[PDB]
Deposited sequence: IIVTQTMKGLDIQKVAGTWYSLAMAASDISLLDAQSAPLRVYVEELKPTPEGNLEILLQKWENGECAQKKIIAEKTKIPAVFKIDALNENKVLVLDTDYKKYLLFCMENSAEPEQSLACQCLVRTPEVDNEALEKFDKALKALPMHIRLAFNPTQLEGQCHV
């Protein structure tokens, strides 16, 4: 994304849809990139604090992770994915944000459609599918408002 301002993505978000290059990255509730974003917190240094939910050890756990700015705009590095990358594809800031993440990387990618509100946004999902046409995705999940308002989308 040309000209990302992370100061305009601060707030609460929902994981409306997910897609991955490998079925195993998302297939089960405990799959490793089956993560539900809840909050983006930009820091004055230009990093991104991310609150998310992940199902592990048979419960819905809260995680704080740090996404570090890099020399490539809209690209961040995560400690928690073995210094592998988050790529922001697109955002209108006010409604949706499309990102991809490398599995803990060259070879496996999971992407999500984030929305500010727990509602189905077909405009957001259209842009998501448009930007995925390029990518070899083999699994796609779309979630309903009940899931979005739940804990770990259940």
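By the record, the deposited chain contains unmodelled runs at 1-6, 111-112, with no C-alpha atoms placed there.
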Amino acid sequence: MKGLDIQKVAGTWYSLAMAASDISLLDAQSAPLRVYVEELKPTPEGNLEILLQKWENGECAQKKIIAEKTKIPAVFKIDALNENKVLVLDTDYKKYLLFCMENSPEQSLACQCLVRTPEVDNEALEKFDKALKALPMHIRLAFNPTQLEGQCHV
From here on, numbers count along this sequence of modelled residues.
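Once the C-alpha B-factors are averaged per stretch, 114-122 and 57-65 rank with 57-65 first. Two stretches are in play, 92-100 and 124-132, and the higher mean C-alpha B-factor belongs to 124-132. In the PDB entry, a CA B factor belonging to the middle third of its chain's modelled residues is recorded for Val86. When the CA B factors of the chain's modelled residues are split into thirds, the value for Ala28 lands in the highest one. When the modelled residues of the chain are ordered by C-alpha B-factor, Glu106 sits in the highest third.
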